[PDB]
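Each chain gets a letter, A, B and so on, in the order the sequences are listed, and its residues count up from 1.
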Amino acid sequence: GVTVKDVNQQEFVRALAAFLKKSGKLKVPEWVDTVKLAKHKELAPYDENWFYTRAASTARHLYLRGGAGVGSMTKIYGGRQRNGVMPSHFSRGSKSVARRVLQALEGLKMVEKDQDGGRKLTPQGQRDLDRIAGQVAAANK
Amino acid sequence: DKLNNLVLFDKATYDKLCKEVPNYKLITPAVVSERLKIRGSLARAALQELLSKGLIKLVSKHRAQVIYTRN
Amino acid sequence: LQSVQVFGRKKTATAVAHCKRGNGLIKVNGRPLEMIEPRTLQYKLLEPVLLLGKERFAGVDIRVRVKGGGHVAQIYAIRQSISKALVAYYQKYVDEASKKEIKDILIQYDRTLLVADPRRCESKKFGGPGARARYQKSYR
Amino acid sequence: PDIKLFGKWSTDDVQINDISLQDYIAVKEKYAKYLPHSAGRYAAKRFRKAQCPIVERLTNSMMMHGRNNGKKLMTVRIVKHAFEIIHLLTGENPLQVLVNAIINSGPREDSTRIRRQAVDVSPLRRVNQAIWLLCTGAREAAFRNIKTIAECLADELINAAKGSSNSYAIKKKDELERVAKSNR
Amino acid sequence: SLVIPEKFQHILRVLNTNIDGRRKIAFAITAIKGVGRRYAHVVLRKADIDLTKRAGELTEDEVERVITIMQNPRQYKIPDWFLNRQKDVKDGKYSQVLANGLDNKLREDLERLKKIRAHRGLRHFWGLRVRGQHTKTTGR
Amino acid sequence: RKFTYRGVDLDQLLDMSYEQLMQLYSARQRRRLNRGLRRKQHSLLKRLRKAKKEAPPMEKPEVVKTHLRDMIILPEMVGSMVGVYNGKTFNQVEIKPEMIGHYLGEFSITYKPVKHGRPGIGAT
Amino acid sequence: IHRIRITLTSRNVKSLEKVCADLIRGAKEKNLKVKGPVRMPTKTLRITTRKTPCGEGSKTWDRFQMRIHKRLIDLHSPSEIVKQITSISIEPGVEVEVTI
Amino acid sequence: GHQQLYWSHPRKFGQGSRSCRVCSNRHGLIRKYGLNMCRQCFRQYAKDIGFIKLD
RNA sequence: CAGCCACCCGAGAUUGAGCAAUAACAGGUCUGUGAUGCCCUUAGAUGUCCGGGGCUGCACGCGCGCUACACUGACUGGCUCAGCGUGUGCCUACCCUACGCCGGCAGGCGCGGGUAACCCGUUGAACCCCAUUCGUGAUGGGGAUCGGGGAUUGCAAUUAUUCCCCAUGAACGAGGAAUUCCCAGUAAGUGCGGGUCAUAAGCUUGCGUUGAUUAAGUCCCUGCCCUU
RNA sequence: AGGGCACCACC
Ligand SMILES: [K+]
Ligand SMILES: [K+]
Ligand SMILES: [K+]
Ligand SMILES: [K+]
Ligand SMILES: [K+]
Ligand SMILES: [K+]
Ligand SMILES: [Mg+2]
Ligand SMILES: [Mg+2]
Ligand SMILES: [Mg+2]
Ligand SMILES: [Mg+2]
Ligand SMILES: [Mg+2]
Ligand SMILES: [Mg+2]
Ligand SMILES: [Mg+2]
Ligand SMILES: [Mg+2]
Ligand SMILES: [Mg+2]
Ligand SMILES: [Mg+2]
Ligand SMILES: [Zn+2]
């Protein structure tokens with residue numbers, strides 16, 4: 001038996017992103033090639049398929065900690081903003097990106113809206129993530 | 001004076017790489033760049049190609065330092 | 001039902017290890033001990049097991065819950081809590097001789113494995129950026 | 001269970017040739033640790049730093065200048081990679097190379113400038129100044145150069161252990177001792 | 001793959017600008033005034049050009065396609081908010097002004113502000129700061 | 001050739017209402033017009049219209065003086081003569097079409113440009 | 001009967017503890033199931049201000065602070081009995097809020 | 001008329017809308033916890049209010 | 001003797017502050033005060049309100065600072081950890097915000113919780129850690145200056161309030177004489193609160209996080225003090 | 001002339 005917490009999280013995220021891309025049923029916004037992921041970024045993501053990686057990361061976060069909304073996701077993906085000759089400060093991520101990722105995951109039926117607000121994993125999503133974790137553990141061993 | 005490194009191998013530099021480099025005790029992108037007058041990106045790509053072909057051996061990989069050695 | 005709950009501290013980081021009769025499991029926040037980040041300091045976590053041997057831990061399951069502080073402080077809190085939990089379990093459900101010998105090994109290697117470091121941040125004082133440094137003084 | 005630094009380098013075979021520095025280079029037995037990161041209170045009392053493992057003292061001295069202050073995880077990684085490079089380049093124990101470098105880099109006579117007068121140098125100051133010179137040489141070699149800091153540190157340590165004049169620490173020690181001889 | 005091709009171009013001329021062929025393509029077309037890193041990356045994404053190749057490695061057809069997309073962003077779904085000349089005060093059209101076009105636009109804007117004797121135009125004419133900065137101590 | 005603001009000639013601008021002009025204006029002027037002009041601005045507009053009507057043919061209208069330095073220059077104001085207060089004096093400004101969208105204050109400078117004299121005692 | 005919650009708040013720890021002890025002793029005498037005094041975290045209101053009325057001299061600061069201490073007591077008793085118990089002498093400076 | 005002009009400048013925010021509840025001065029005002037007192041008046045009345053220098 | 005040094009045991013063998021004498025200074029403050037003497041002014045006002053401008057004005061000199069000069073780095077992803085504390089108000093307008101939807105962003109709309117160990121909030125902070133691209137080039141270092149556009153606060157944003165987007169891409173390659181602060185969870189790095197606050201931090205006052213080198217001395221310099 | 005003290009002194 002293998003669960004997510006048993007494996008390396010970076011390898012798990014890569015494997016889950018590959019799985020989502022291979023399934024190919026995840027809805028991708030038309031503007032993924034134009035936007036940057038936050039106002040504190042300077043450039044758009046280097047990886048062309050950054051949307052699948054972000055979706056996998058969001059699903060893993062929902063597995064670890066359910067009930068997170070778009071605000072929580074933007075807090076999760078926030079980072080340091082450099083302000084030129086002024087000091088740096090914390091800045092949040094793109095609400096549209098977080099919302100589209102959550103809606104796409106809901107479209108895949110791996111994510112459902114929680115009763116108390118926010119999103120959570122469906123049993124199907126939990127099963128998919130545990131299977132991916134088992135594959136990662138098998139690959140490592 | 002400013003050092004003008006090569007972004008892509010010429011025939012002589014590529015031959016010198018494939019001949020001498022797999023014989024060094026310490027193989028790093030920085031030392032290869034210094035010896036062959038190539039850029040760090042070209043050195044990293046060349047060392048990855050040599051590792052794929054099996055001419056050299058990987059000692060350690062890290063985001064800031066990658067260390068290879070001869071077989 | 002044999003179990004102990006023992007804490008370890010480092011700055012504001014606190015880790016509580018629940019050590020009960022078991023088969024040799026060690027978890028931190030539900031994750032394997034080898035998966036805790038940063039892995040630059042993985043040997044700091046592995047030190048109790050490396051020093052005492054896996055045979056001592058083979059009879060217990062230890063689950064560690066850690067919170068507060070930073071990454072390094074949490075690492076040190078986890079290792080201290082694991083060591084103190086094993087010592088407490090031995091002194092409670094085994095003889096005193098085994099507890100004494102494992103405690104001697106741990107103390108000889110590193111006292112902070114069993115005794116907490118009492119250092120804490122010093123308060124800032126007005127007239128300077130921190131506890132001791134003062135703002136630059138000009139004359140003319 | 002033998003304890004090896006980073007799980008790779010053993011301390012049993014390390015020899016300190018200079019008997020004056022044997023009490024101020026903590027490298028083996030009770031001073032053998034898995035990592036050069038102990039978070040110990042070695043600065044609490046005088047001479048207590050003599051108990052700090054020499055690898056950890058090197059790691060501490062690598063946290064300069066200001067931009068690198070407090071980045072001990074980064075300096076630990078730098079030291080680990082430097083030891084790997086040293087082992088590849090020499091085939092020796094990196095701990096032995098470090099010990100030889102420190103022994104060769106410590107200045108034995110200095111001048112106090114009270115016109116200057118020559119004075120001897122205590123073993124603890126010898127070790128302190130050797131570490132300082134080695135780290136300074138590595139840092140200045142790595143600044144504004146494609147060569148990485150780990151490679152520069154490895155080269156500096158190897159040259160100092162050999163006693164070569166390519167070493168910044170060796171050159172500085174020679175200059176200090178020459179000035180002390182002149183003011184003698 | 002790593003050997004330099006025979007068709008590799010050391011220097012390219014695009015829009016009366018010398019583009020260095022040794023640089024990666026995205027940071028090589030930034031030599032054109034009016035093209036920054038963001039705009040260069042979005043243009044190359046629209047042009048389906050691999051970002052990993054150098055400027056000299058591009059074929060003539062690829063270079064022509066890149067120039068066409070660069071000079072007509074709106075036809076390739078490059079959004080208006082990405083443009084450095086949005087809702088031009090004279091024409092109302094959205095465009096990306098490049099090189100001599102950008103210089104002419106700047107001169108025209110300054111000339112208009114000076115012609116109506118607006119305060120910002122007068123500040124530009126006098127050579128002072130125009131965005132409300134203090135001039136007592138800085139800008140010397 | 002002929003004047004155009006956002007590609008619209010002056011006559012079409014005069015025809016357009018406030019809601020149509022808001023889309024042509026920049027963000028600041030659009031927000032200002034959305035929040036709405038007040039009694040003082042309406043009084044100034046009425047004064048300008050009266051001056052335009054009373055102006056003899058082929059002659060500039062009489063100068064209308066005002067303190068309203070934060071008045072948006074609307075198309076209907078083009079051709080008027082406005083004495084904009086600068087804190088001390090009513091500087092005379094003729095509204096040009098290219099002034100559309102700016103503030104009247106931008107054409108009535110509140111300070112004298114600095115011509116420096118010799119530094120005083122000290123001032124090392 | 002009804003569940004009664006008594007919230008006591010004070011700036012004086014000693015008087016607050018005396019009142020809480022007296023209330024619990026009264027509840028014990030009346031033979032009531034009383035949950036002990038739950039101690040909320042102490043609130044520290046701080047005002048840091050320059051000492052000088054003007055702007056001259058070394059920049060020294062006064063650190064004024066006020067400490068507010070809060071206690072909770074739970075009872076299972078009739079409202080009349082709770083009011084009778086709370087009718088005992090209350091030390092000055094203690095604010096009592098009873099909720100049913 | 002004068003009724004419409006007098007005191008007609010809006011004072012819903014800014015320094016001109018606040019003053020010390022003791023001396024009516026508008027500078028160095030403390031609004032924290034709703035004190036609304038200038039700093040000097042606060043130092044005068046801090047012990048009466050209940051603020052002490054433990055430190 | 002007073003006490004000093006080292007060591008054992010021990011959580012700890014010198015935690016950090018507050019308070020703080022006699023006698024003084026023509027030190028600062030009458031621009032904190034319905035504290036105040038005297039003098040001045042008091043209806044064409046030095047009262048008071050309203051409108052506009054100024055306090056920010058720029059050949060220059062000085063002081064406190066912020067950002068940097070890069071690879072012990074920048075960028076793009078991924079992963080994973082705090083503490084102090086504030087929050088809907090007499091006048092008084094102005095609170096902290098979860099979740100859902102719209103927008104690329106700043107933001108907008110809806111709908112809830114919290115007068116608070118109850119809700120924001122398990123305060124998913126930054127540095128750091130793991131991968132990526134860059135490759136010694138004033139360069140993907142740096143981000144000044146400047147053009148165009150979009151929002152928000154406000155009665156009002158021009159002399160740009162603040163914020164966002166594209167573009168522009170200056171000096172600066174480690175700093176002369178001189179000089180500041182500091183010895184342990186300290187210096188330094190790093191972010192987060194409070195005050196100011198309609199709008200709001202390059203300041204200050206606190207908080208944690210990472211975390212050292214050197215020293216356990218002296219009267220040489222700068223001062224202060226004592227005795228003859 | 002001698003003797004103390006202080007990282008708002010130095011080493
Ligand atoms: K380097
Ligand atoms: K006074
Ligand atoms: K007076
Ligand atoms: K007065
Ligand atoms: K004043
Ligand atoms: K005041
Ligand atoms: Mg983040
Ligand atoms: Mg600090
Ligand atoms: Mg460009
Ligand atoms: Mg005086
Ligand atoms: Mg001023
Ligand atoms: Mg940059
Ligand atoms: Mg540049
Ligand atoms: Mg201030
Ligand atoms: Mg001084
Ligand atoms: Mg000095
Ligand atoms: Zn007052």
S.K.: With sugar-phosphate meaning primed atoms plus P, OP1 and OP2, does D:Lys72 contact a base, only sugar-phosphate, or nothing at under 4.0 Å between heavy atoms?
M.R.: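 Sugar-phosphate: the residue D:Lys72, judged by heavy atoms under 4.0 Å, touches backbone atoms but no base.
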S.K.: From C-beta outward on E:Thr137, which listed nucleotide comes closest to its side chain: I:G32, I:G61, I:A188?
M.R.: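 Given the options I:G32, I:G61, I:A188, the side chain of E:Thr137 is closest to I:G61.
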S.K.: Check each of C:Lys125, C:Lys124, C:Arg119, C:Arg120 against C:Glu122 using the salt bridge (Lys or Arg N to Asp or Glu O under 4.0 Å) test, and report the only one that passes.
M.R.: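 In the set C:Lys125, C:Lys124, C:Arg119, C:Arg120, the residue that makes a salt bridge (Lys or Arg N to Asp or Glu O under 4.0 Å) with C:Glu122 is C:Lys125.
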S.K.: Any idea if I:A216 is syn or anti, going by the 90°-from-0 cut?
M.R.: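 Syn conformation here, the glycosidic angle of I:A216 being no more than 90° from 0.
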S.K.: Please say whether the positively charged group of A:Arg54, taken as NZ for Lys or CZ for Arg, lies over the ring of A:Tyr77, i.e. under 6.0 angstrom from the six-membered ring centre and within 45 degrees of the axis.
M.R.: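 Yes, cation above the ring, under 6.0 Å and within 45°.
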S.K.: Over all strands shown, is C:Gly127 touching base, sugar-phosphate only, or nothing at heavy-atom distances under 4.0 angstrom?
M.R.: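 The answer is sugar-phosphate, as C:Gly127 gets under 4.0 Å only of primed atoms, P, OP1 or OP2.
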S.K.: What interatomic distance, in whole Å, is found between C1' of I:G73 and the corresponding atom of I:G135?
M.R.: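 Rounded to whole Å, the distance is 11 Å.
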S.K.: Where does J:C5 land, syn or anti, given syn is within 90° of 0?
M.R.: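 Anti, since the glycosidic angle lies more than 90° from 0.
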S.K.: Hey, is the side chain of C:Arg132 poking within less than 4.0 Å of OP1 or OP2 on I:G185, counting only N and O atoms?
M.R.: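 No, outside the criterion.
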S.K.: Give a yes/no answer on whether the side chain of G:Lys59 brings an N or O atom under 4.0 Å of OP1 or OP2 in I:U204.
M.R.: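 Result: no.
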S.K.: How do H:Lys12 and C:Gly130 order along RNA chain I: which one's closest nucleotide is nearer the 5' end?
M.R.: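 Comparing both residues, the 5'-ward one is H:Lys12.
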S.K.: Should A:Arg14 be listed as having a side-chain N or O under 4.0 Å from OP1 or OP2 of I:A131?
M.R.: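 Checking I:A131 against A:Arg14, no side-chain N or O comes under 4.0 Å of OP1 or OP2.
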S.K.: Determine the contact category for G:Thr49: base if any of its heavy atoms lies under 4.0 Å from a base atom, sugar-phosphate if only primed atoms, P, OP1 or OP2 are that close, otherwise nothing.
M.R.: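 Counting heavy atoms under 4.0 Å across all strands, no contact is made by G:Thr49.
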S.K.: Taking OP1 and OP2 of I:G206, is either one under 4.0 Å from a side-chain nitrogen or oxygen of C:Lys124?
M.R.: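 So the side-chain polar atoms of C:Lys124 do come within 4.0 Å of the phosphate oxygens OP1 or OP2 of I:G206, strictly under.
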S.K.: Does H:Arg39 come within less than 4.0 Å of G:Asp62, counting only side-chain N to carboxylate O?
M.R.: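 Salt bridge between H:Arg39 and G:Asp62, a charged N being under 4.0 Å from a carboxylate O: no.
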S.K.: Does a nitrogen or oxygen in the side chain of E:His41 sit under 4.0 Å from OP1 or OP2 of I:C75?
M.R.: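 Answer no for this pair, as no side-chain N or O of E:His41 is under 4.0 Å from OP1 or OP2.
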S.K.: Rounding to an integer number of angstrom, what distance separates I:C19 and I:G47 when you compare their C1' atoms?
M.R.: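 Those two atoms are separated by 46 Å.
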S.K.: Check I:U162 against I:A151: Watson-Crick (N1-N3 plus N6-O4 or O6-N4) or wobble (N1-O2 and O6-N3), both under 3.5 Å. Paired or not?
M.R.: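 Pair flag for I:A151 and I:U162 is true.
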S.K.: If you draw a 6.0 Å radius around CZ in H:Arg26, do more than 12 non-hydrogen atoms from other residues or ligands fall strictly inside?
M.R.: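 Atom CZ in H:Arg26 is packed in, count exceeds 12.
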S.K.: For H:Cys23, report the nucleic acid contact type (base, sugar-phosphate, nothing); a contact means any heavy atom under 4.0 Å.
M.R.: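 Sugar-phosphate only.
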S.K.: Within the structure shown, what part of the strands sits under 4.0 Å from F:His102 by heavy-atom distance: base, sugar-phosphate, or nothing?
M.R.: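 Answer is nothing: F:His102 stays at 4.0 Å or more from every strand.
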S.K.: Just checking, H:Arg11 and H:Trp7: is the charged tip under 6.0 Å from the six-membered ring centre and within 45° of the axis?
M.R.: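 Yes, a cation-pi geometry holds between H:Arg11 and H:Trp7.
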S.K.: Taking only the side-chain heavy atoms of E:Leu102 (C-beta and beyond), determine which of I:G103, I:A167, I:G57 contains the nearest atom.
M.R.: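 Among the listed nucleotides, the one closest to the side chain of E:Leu102 is I:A167.
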S.K.: Are any of the side-chain nitrogens in C:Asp117 or C:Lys11 under 4.0 Å away from the carboxylate oxygens of its partner?
M.R.: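 Salt bridge between C:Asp117 and C:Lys11, a charged N being under 4.0 Å from a carboxylate O: no.
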S.K.: Which nucleotides of nucleotides 119-129 of chain I have their base under 4.0 Å from a protein heavy atom (B), which only their sugar-phosphate (S), and which neither (-), written as one string 5' to 3'?
M.R.: --SB-BSSBBS
S.K.: Categorize A:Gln81 for me: base, sugar-phosphate, or nothing, with a 4.0 angstrom heavy-atom threshold over every strand shown.
M.R.: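 Touches sugar-phosphate only.
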S.K.: Any base atoms under 4.0 Å from E:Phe82, or only sugar-phosphate, or nothing? Heavy atoms, all strands.
M.R.: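 Here E:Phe82 touches the backbone only, sparing every base.
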S.K.: Describe the nucleic acid contact of A:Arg54 in one word from base, sugar-phosphate, nothing, applying a heavy-atom distance below 4.0 Å.
M.R.: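 Result for A:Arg54 = sugar-phosphate.
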S.K.: Assuming nearest nucleotide by heavy-atom distance, tell me which of H:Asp55 and G:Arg39 is located more 5' along RNA chain I.
M.R.: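 Result of the comparison: H:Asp55.
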S.K.: Identify which nucleotide among I:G103, I:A17, I:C192 has an atom closest to any side-chain atom of C:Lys125, counting heavy atoms from C-beta outward.
M.R.: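 In terms of side-chain proximity for C:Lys125, the closest of I:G103, I:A17, I:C192 is I:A17.
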S.K.: Are OP1 or OP2 of I:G89 and a side-chain N or O of H:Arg31 less than 4.0 angstrom apart?
M.R.: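 For I:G89, OP1/OP2 do not have a side-chain N/O of H:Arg31 under 4.0 Å.
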S.K.: Please determine if a side-chain N or O atom of H:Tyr33 lies less than 4.0 Å away from the OP1 or OP2 oxygen of I:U86.
M.R.: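 Result: yes.
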S.K.: Determine, answering yes or no, if F:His116 is stacked on I:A59 under the 5.5 Å centre rule and the 30° plane rule.
M.R.: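 Whether judged by distance or by angle, F:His116 passes, so it stacks on the base of I:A59.
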S.K.: Tell me whether the side-chain N/O atoms of C:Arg119 come closer than 4.0 Å to OP1 or OP2 in I:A11.
M.R.: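 No, no such contact exists.
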S.K.: Assign H:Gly28 to base, sugar-phosphate, or nothing according to its heavy-atom contacts below 4.0 angstrom with the strands shown.
M.R.: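 Answer is nothing: H:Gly28 stays at 4.0 Å or more from every strand.
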S.K.: Are OP1 or OP2 of I:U214 and a side-chain N or O of D:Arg57 less than 4.0 angstrom apart?
M.R.: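 Yes.
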S.K.: Aromatic rings F:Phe90 and F:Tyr85: how do their planes relate, parallel, tilted or perpendicular, breaks at 30° and 60°?
M.R.: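 Aromatic pair F:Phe90/F:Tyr85 classed tilted.
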S.K.: When you check the sign of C1'-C2'-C3'-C4' for I:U159, do you get north or south?
M.R.: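 The sugar ring of I:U159 falls in the south range (negative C1'-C2'-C3'-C4' torsion).
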S.K.: Report yes if at least one side-chain N or O of E:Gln133 is closer than 4.0 Å to OP1 or OP2 of I:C58; otherwise report no.
M.R.: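 For I:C58, neither OP1 nor OP2 has a side-chain N or O of E:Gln133 closer than 4.0 Å.
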S.K.: Taking the side chain of A:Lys39 as heavy atoms from C-beta outward, which of I:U72, I:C165, I:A198 is closest to it?
M.R.: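 Closest of the options to the side chain of A:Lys39: I:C165.
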S.K.: Just how far is it from atom CZ of A:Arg92 to atom CD1 of A:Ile76, taken to the nearest 0.5 Å?
M.R.: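 Answer for the CZ-CD1 pair, A:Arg92 versus A:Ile76, is 10.5 Å.
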S.K.: Could you let me know what I:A184 is paired to, Watson-Crick or G-U wobble, both distances under 3.5 Å, or none if it's on its own?
M.R.: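 Because no pair has both required distances under 3.5 Å, I:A184 counts as unpaired.
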S.K.: Examine I:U56 and say whether its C1'-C2'-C3'-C4' torsion places the sugar north (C3'-endo side) or south (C2'-endo side).
M.R.: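 Sugar pucker of I:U56 - south, given that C1'-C2'-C3'-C4' is below zero.
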S.K.: Identify, with sequence neighbours excluded, every residue that meets side-chain hydrogen bond (donor to acceptor under 3.5 Å, both in side chains) alongside D:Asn60.
M.R.: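 Here the qualifying residues are D:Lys72.
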S.K.: Should I:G124 be tagged north or south? The rule is the sign of the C1'-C2'-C3'-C4' torsion.
M.R.: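 Judging by the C1'-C2'-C3'-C4' torsion, which comes out negative, the sugar of I:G124 sits south.
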S.K.: One thing to verify: whether E:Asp20 and E:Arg23 come together as a salt bridge, which I'm taking to mean a side-chain N less than 4.0 angstrom from a carboxylate O.
M.R.: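 E:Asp20 and E:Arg23: not salt-bridged.
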S.K.: Which sugar class, north or south, is indicated for I:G202 by the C1'-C2'-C3'-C4' dihedral?
M.R.: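 The I:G202 sugar sits on the south side, the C2'-endo region.
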S.K.: Kindly say if C:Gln136 contacts the phosphate of I:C64, meaning a side-chain N or O under 4.0 Å from OP1 or OP2.
M.R.: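 The answer is yes; a side-chain N or O of C:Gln136 sits under 4.0 Å from OP1 or OP2.
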S.K.: Stacking between F:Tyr103 and the base of I:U158 (centre distance under 5.5 Å, interplanar angle under 30°)?
M.R.: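 Answer is yes, a stack.
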S.K.: Between I:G51 and F:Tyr85, is there a base-stacking contact, meaning the centre of the base's six-membered ring lies under 5.5 Å from the residue's ring centre while the planes stay under 30° apart?
M.R.: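 Aromatic stack with I:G51 absent for F:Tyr85.
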S.K.: With a non-hydrogen cut-off below 4.0 angstrom, is C:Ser123 in contact with a base, only sugar-phosphate, or nothing?
M.R.: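 Answer is sugar-phosphate: C:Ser123 comes under 4.0 Å of backbone atoms only.
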S.K.: Over all strands shown, is G:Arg63 touching base, sugar-phosphate only, or nothing at heavy-atom distances under 4.0 angstrom?
M.R.: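 Here G:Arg63 touches the backbone only, sparing every base.
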S.K.: Think H:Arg21 has a side-chain N or O under 4.0 angstrom from the OP1 or OP2 of I:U92?
M.R.: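 So the side-chain polar atoms of H:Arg21 never come under 4.0 Å of the phosphate oxygens OP1 or OP2 of I:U92.
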S.K.: Ignoring hydrogens and angles, state whether a donor on the side chain of A:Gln9 or A:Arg60 is under 3.5 Å from an acceptor on the partner side chain.
M.R.: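 Result is yes, a qualifying pair exists.
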S.K.: I:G140 and I:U133: how far apart are their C1' atoms, nearest whole angstrom?
M.R.: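 Those two atoms are separated by 9 Å.
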S.K.: North or south: which describes the sugar of I:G12, going by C1'-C2'-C3'-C4'?
M.R.: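 The I:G12 sugar sits on the north side, the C3'-endo region.
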S.K.: Please determine whether a side-chain nitrogen or oxygen atom of A:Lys113 lies at a distance below 4.0 Å from atom OP1 or OP2 of I:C99.
M.R.: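 Checking I:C99 against A:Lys113, no side-chain N or O comes under 4.0 Å of OP1 or OP2.
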S.K.: By the rule that syn is within 90° of 0, classify the base conformation of I:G137 as syn or anti.
M.R.: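 I:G137: syn.
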S.K.: For I:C4 and I:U14, measure between their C1' atoms and round to the nearest Å.
M.R.: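 14 Å, rounded to whole Å.
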S.K.: Tell me what D:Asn128 touches on the nucleic acid: a base, only sugar-phosphate, or nothing, going by heavy atoms under 4.0 Å.
M.R.: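 If one applies the 4.0 Å heavy-atom cut-off, D:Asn128 turns out to touch the sugar-phosphate alone, with no base involved.
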S.K.: Checking all strands, does F:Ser108 fall into the base, sugar-phosphate, or nothing category for heavy-atom contacts under 4.0 angstrom?
M.R.: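 It contacts base atoms.
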S.K.: If you look at every strand shown and take non-hydrogen atoms under 4.0 Å, does H:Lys53 touch a base, only sugar-phosphate, or nothing?
M.R.: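 Sugar-phosphate, no base atom in range.
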S.K.: OP1, OP2 of I:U92 versus side-chain N and O of H:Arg18: anything below 4.0 Å?
M.R.: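 Checking I:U92 against H:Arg18, no side-chain N or O comes under 4.0 Å of OP1 or OP2.
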